[PDB]
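Examination of the molecular architecture
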Amino acid sequence: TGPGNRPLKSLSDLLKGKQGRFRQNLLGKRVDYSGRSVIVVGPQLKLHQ
Amino acid sequence: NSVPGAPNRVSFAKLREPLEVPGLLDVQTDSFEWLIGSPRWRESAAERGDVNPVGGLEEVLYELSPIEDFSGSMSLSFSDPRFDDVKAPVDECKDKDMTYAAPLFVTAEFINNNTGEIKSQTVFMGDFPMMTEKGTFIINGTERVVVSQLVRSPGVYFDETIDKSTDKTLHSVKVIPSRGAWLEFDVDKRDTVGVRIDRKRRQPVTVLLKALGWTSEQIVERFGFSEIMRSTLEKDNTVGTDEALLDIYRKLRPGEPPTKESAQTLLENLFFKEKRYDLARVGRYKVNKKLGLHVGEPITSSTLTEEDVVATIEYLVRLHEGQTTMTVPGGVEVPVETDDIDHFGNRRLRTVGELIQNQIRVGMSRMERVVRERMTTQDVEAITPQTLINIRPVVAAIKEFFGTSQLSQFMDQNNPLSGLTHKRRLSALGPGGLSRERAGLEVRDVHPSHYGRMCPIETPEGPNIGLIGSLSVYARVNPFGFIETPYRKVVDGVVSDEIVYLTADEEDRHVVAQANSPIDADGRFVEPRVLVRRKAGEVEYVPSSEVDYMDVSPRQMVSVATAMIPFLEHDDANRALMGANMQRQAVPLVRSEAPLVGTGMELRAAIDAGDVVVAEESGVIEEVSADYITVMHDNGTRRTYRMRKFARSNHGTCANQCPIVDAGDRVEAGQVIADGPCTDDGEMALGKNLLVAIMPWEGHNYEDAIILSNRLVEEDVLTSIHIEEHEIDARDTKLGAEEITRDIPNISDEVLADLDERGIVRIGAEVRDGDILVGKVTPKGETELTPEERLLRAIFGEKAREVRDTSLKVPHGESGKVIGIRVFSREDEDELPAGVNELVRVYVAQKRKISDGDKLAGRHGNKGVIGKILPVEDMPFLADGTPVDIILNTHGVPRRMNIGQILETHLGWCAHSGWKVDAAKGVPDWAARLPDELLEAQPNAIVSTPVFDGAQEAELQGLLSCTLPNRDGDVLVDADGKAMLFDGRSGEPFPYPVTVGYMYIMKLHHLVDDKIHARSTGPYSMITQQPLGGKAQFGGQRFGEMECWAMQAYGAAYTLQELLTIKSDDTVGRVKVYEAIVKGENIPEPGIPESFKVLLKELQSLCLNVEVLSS
Amino acid sequence: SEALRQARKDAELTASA
Ligand SMILES: C/C=C/C/C=C(\C)[C@H](O)CC/C(C)=C/C=C(C)/C(O)=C1/C(=O)C=C([C@H](C)CC/C=C/NC(=O)OC)OC1=O
């Protein structure tokens, strides 16, 4: 127990994958060196561009 | 009409509704005032009976008083929950961040039962928050919104799931009370009783009856036709009351010695001692009403009665008997039938004051269980309730409720519309409410009782559909948490004119046809065979004698936002809901023009919207200003009205208020005086009115791709204001006190230019991302310098300045002037949090032009991103040289089922054009029943249509036939709504006429800059080694499971390895690669991952022999 | 009569730990 109505976490719970009885989404580390944005058409552009 | 500043918008009302719009905010006002118990509410509830007007607080007093020791030697009591005035004005409370509240005084009294002496005090219960006049609350200056949560009430709940394995209906009941225990009267597979109770696993009814003081004689007497009853009483296999009592006691406390007095002294406490087993008063009401038991008396005594249980059993057995209705002795016959958890008749509504009282009860519980604690430990004949009182837990609960609650949420003020929409919101998830996955999909469904009560259209389209909606417009609330709905009762083939606020249950009793009915001008009707809603929610041609209630009006099943899309009955609910939820995402432009076309909603919406200042008293104007207006009340008295100008919303949008009148003017009470942001001429305004064609042009309008002329840009027609606030504190470290100043560590001078004299920058200065905001500094401590740095200092004569440079710089992608500086200082006696001494907050605005990529959408769900900002000249345009505004793609129209936008476009062209229908040879037939003075139209006059009462296409065609020329002899559009156009690029006319017209559109709160973001290298983790995610900081994009497995599919491995090593975990390798890039050299090899080794150590420390073998 | 299945289960939840 502690304060804050909320359970505990052994070493067993620090397991990254730790899939028990269900194969949830995976959700690893969110790498680097990208950029996001909304997308738009390039109708003037070539295919490879 | 019926509005003073109502700008003349003609509409197409073919009907006439008796009642007008209600007070949309009453949903919150009334709950709040009742919880208050204000005399407003006092007369209010008194208007419809309500012999005992009791406030929720009064209820809490009566449910708490008296307060007495278990010995019963001494007695405490309360009285007069009395509010004190608020400690500060709402504006001041918001600005200085003091939560707008007010004290609480109670006439509490203690008396010693031993001898009897009054201890009356008027106790400060605590400062108590006060609702806004916009029905909201300000916490610490912050502005939240409470939500009303849907819950099916506690009640006697019936069902017979047929055991198909037995092929037998299994009638059952679960009477779930508040603060109580459960119980089942089950139709077992055998001809027996499912008398499992309080989660016990099983009982015979006979055990209850003899336990209830009933002989088998008494039972068969009371239950002669009771077949399973007689069977079980033959199989009761136990005789005598106390035998049943002891069996119950042992099976209830198994692992416990049975005692005889616990026979009555447990069950009566379990189910009749109304101190630990108490469904709500509304629960008792539902009980009697379902059962007609307490027919003519007010509700009380949440404890049960054997009367209740026996009527229960009788109805249950008869339901599993073949029955229609049974009148209990003392009760009218209730129709024998099941129950529904989904149907509103069980699904009540915990209101705001409801939840507040719940918190009050839970706090006062703890407080009384400590008062009774001290009640003995307190010294006798020397205490006072002041000595007895602790308001700390109660105030704690209050605070932790206003803050720290998914029902106490931030008012999304992006515009008056969505502000309103946030209120009047309906959700069943929450504390007590079901969580997300625990609810079955069926609760998301649209039960036919929903009709006219909860608009089936408006709801979040994410993974919460069906979980949250809003109210129908003309809906109204039961004091018991139900939907009391007005209805037009018809009598004798003649609709009366008496509005009838009805719930859903009684509705099932009755017969309601449709408002769109051929009424014979008098309540009399036209045809016999009439549509009508069935008690099963079904429709037929009733012969026109049978109905007793007609619809109050059309659109009684619409939401607010849903009430604001013309032609709505022509397009699919899908794009409908899409545009609906989007329309709350509108963004207030700076010009705020009103649409040519609309509904009747656009004015009432604002007049409840509030943010548009309303004329309080009728009067002549005194003097105006850009910031306020002096108002001459008609007799002497006067007043000002402080315009809110450039007030930062909860989303960076401006909140100006411009006045709309003159100081020599004279207006009337309840009248518009100054539009708010999205308000134009008093009514709503969420965009502009634009002429568009629909061709596929150059592919640039490909798959929702949306093109734009430069003309709007250079005309500022799409122009947003944004208000980003920055704040930083003056803490104090072990190294000393944080410092703010122009004095800096190593830094340029020009970078120290636009600061003030004492750190912070100067008002009105332009800025750009990374620039310095505030010159702040703290000591860093002491470490041995590098010999190199020491050398640079030596050659350069440069001091140490161990105080570290900790200033405020603007984050990325930000610019615009700084309007106002908000500064706080502990030295100034500014109250600040501990470990702080000075606070400053900054306000920058940037007049964002419209730009490509941003998301626009009409009022149809028809939406999309900005394809490309094209110049004006290179544009398809009229024969009058008038360029088009934008172009949409036809191909999205059919498959989306959104012809209403086409309707709107034709209508808007007609509206801009103006007509004058030649009623020279009588009237053209389509115009026959059409309202007069539509026979012409001044160009660019404003009009509107009721949702279900809109113009017909034939009407529109007859209009479009009448399309008087603009300036010259100029019928620019055919009778088919198309026209010939010219490519500003080609030079030629296009081969065909083209659909065109004026459409009103919005701008969404999803600007490009809000989303655009990239990154190479930034601040690495603390737990892991990893440079921070989150676009608030840099952040970036997570390359996880989908395109890994993918890259493997491609077969390319090295890129994946590089990503997962040198962009993921290799501490040394990261700087290595950075070096290699800086030097222009071949990449180093990917080192070992870090989380790998971390997991390795973990597995080790799990007491696990672990090891790799290289060979 | 067949309701006793909880009896085997109810015994093990309680004295548990
Ligand atoms: C030392 C290993 C002991 C046994 C493994 C245990 C206990 C783990 O519990 C399961 C393996 C695992 C998950 C560890 C996660 C770690 C070390 C970590 O922090 C991550 C992470 O969370 C995600 C990733 C990648 C992005 C996962 C990509 C998977 C691709 N799979 C595939 O290519 O399909 C064939 O790497 C990590 O090092």
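- As summarised from the PDB record, the model derives from cryo-EM at a stated resolution of 4.4 Å.

What about the overall build of chain B?
- Within chain B one finds 27 helices and 54 strands.
- The C-alpha extent of chain B, read off along each of the three principal axes, is 105 × 100 × 85 Å.
- Here the contacts in chain B between residues at least 6 apart in sequence split such that 64% fall between residues at least 24 apart.

A look at the side chain of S449(B)
Residues and elements named next belong to chain B.
- Within the fold, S449 resides in the loop between β18 (425-427) and β19 (468-470).
- Judged by its relative accessible area of 7%, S449 is buried.
- Once residues within four sequence positions are removed from consideration, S449 is found in contact with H343 and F344.

Notes on the site of the ligand
- Close to the ligand lie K16(A), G17(A), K18(A), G28(A), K29(A), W1045(B), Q1048(B), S1091(B), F1092(B), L1095(B), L1096(B) and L1099(B), which account for all nearby residues.
- In this structure the ligand sits where residues from chains A and B come together.
- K16(A) places a polar side-chain atom, nitrogen or oxygen, 2.5 Å from an oxygen atom of the ligand.
- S1091(B) places a polar side-chain atom, nitrogen or oxygen, 2.2 Å from an oxygen atom of the ligand.
- Burial of the ligand by the surrounding chains reaches 62%, relative to a free accessible area of 860 Å².
- Looking at the shell around the ligand, the elements with two or more residues in it are α24 (1043-1050) and α27 (1090-1101) of chain B.
- Take the shell around the ligand: its biggest share by element is five residues, from α27(B).
- Per-class residue counts for the shell around the ligand are five nonpolar, four polar and three charged.

Here's the deal with the environment of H1005(B)
Residues and elements named next belong to chain B.
- As for its placement among the helices and strands, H1005 is situated in the loop between β53 (996-1003) and β54 (1013-1014).
- Measuring from C-alpha to C-alpha, the distance between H1005 and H651 comes to 9.1 Å, with 354 residues separating the pair along the chain.
- Those residues within four positions of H1005 in sequence are excluded, and the remaining contacts are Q585, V587, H651, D1010 and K1011.

Things to note about helix α14 (residues 392-402) of chain B
Residues and elements named next belong to chain B.
- Along α14, the residues classified as buried are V394, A397, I398, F401 and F402. Taken down its axis, α14 places every buried residue within 125° of arc, on the same side. Looking at α14, the residues exposed on the side facing more than 90 degrees away from the buried face are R392 and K399.
- On the buried face of α14, the contacting elements are β8 (128-129), β9 (137-139), β10 (142-146), α12 (352-377) and β17 (408-410).

Re the nonpolar core
Residue and element names in this part refer to chain B.
- Residues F110, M364, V371 and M375 are the most contacted members of the largest nonpolar core, which totals 45 residues.
- Listing elements by their share of this core, those giving two or more residues are α1 (26-36), α2 (39-46), α3 (56-64), β6 (104-111), β9, α12 and α14.
- The element contributing the most residues to this core is α12, with eight residues.
- If sequence neighbours within four positions are ignored, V371 has contacts with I67, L76 and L388.

Topic: the sheet that holds strand β41 (residues 739-740) of chain B
- The strand order β41-β43-β44 (chain B) describes an open sheet built from three strands, whose pairing is antiparallel. Two strands close off the open sheet at either side, each with one partner strand: β41 and β44 (803-805) of chain B.

Criteria and cut-off values
- Residues numbered from 1 in each chain as written, not as in the entry; some residues may be left out.
- Chains lettered and ligands numbered in written order.
- Part of a larger assembly, values for the part shown.
- Heavy atoms only, no water.
- Residues with missing side-chain atoms left out of burial classes, pairs and counts.
- Helix = DSSP H or I, 4+ residues; strand = E, 2+ residues; numbered from the N terminus.
- Contact = heavy atoms within 4.5 Å.
- Buried < 20%, exposed > 50% of the residue type's maximum accessible area, 1.4 Å probe, protein only.
- Near = heavy atom within 4 Å.
- Polar contact = N/O pair within 3.5 Å; in protein donor to acceptor, adjacent residues only side chain to side chain.
- Areas by Shrake-Rupley, 256 points an atom, 1.4 Å probe, with all protein chains shown as cover.
- Nonpolar A, V, L, I, M, F, W, Y, C, P; charged D, E, K, R; others polar.
- Arc of directions from axis to C-beta.
- Core = buried A, V, L, I, M, F, W, Y, C linked by side-chain atoms within 4.5 Å.
- Pairing = 2+ DSSP bridges.

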